[PDB]
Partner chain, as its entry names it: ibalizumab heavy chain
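Consider the single chain below, provided in structure tokens and representing the form solved without its partner chain.
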């Protein structure tokens, strides 16, 4: 059971490392036993999955017994358990996908509030921890909010989201307009 955290619109690479004669039949399935991708002889076959055009692998690593599932342009909808069946064995990976917005623009006026919201899949309520460039931090679970923006908030904010031990770091630039 491996837990990998991705970021909305980002690419993640789920790892699969077997222990057989450098590269042999394998394939990625979703908890739903749907085939995402596998190798056909020596080729690469992706079935009609919703991840069809955004899914790939690194075909030259199979020789090393590595069969990565690459997933570009990440959606919170891809969150899910992916299974990697390499000949006799199978690896299970849980992909948790997150997004983090700032409904205000990033260019606000001193005194105005700031609202950030974390987009998560029906499966999580994580630890959001954002710091002003000024050391001050705000924690939450979905909705964040700071009540008075100082000119001392301008900069670049760091939002740490935490899950089963793992963590994703988000960075936002807020322009506090005088």
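Numbering follows the first chain given and starts at 1.
The following text describes the form deposited with its partner chain bound, which does not appear among the structures shown.
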{"query": "Residue contact check: residue 158 to its partner chain in the deposited complex, 4.5 Å heavy atom", "finding": "no"}
{"query": "Residue 71, heavy atom within 4.5 angstroms of its partner chain in the deposited complex", "finding": "no"}
{"query": "Non-hydrogen atom contact residue 122 with its partner chain in the deposited complex at 4.5 angstroms", "finding": "yes"}
{"query": "Partner proximity in the deposited complex: residue 175 to its partner chain, non-hydrogen atom cutoff 4.5 Å", "finding": "no"}
{"query": "Stretch 1-33: residues contacting its partner chain in the deposited complex, 4.5 Å heavy atom cut-off", "finding": "3"}
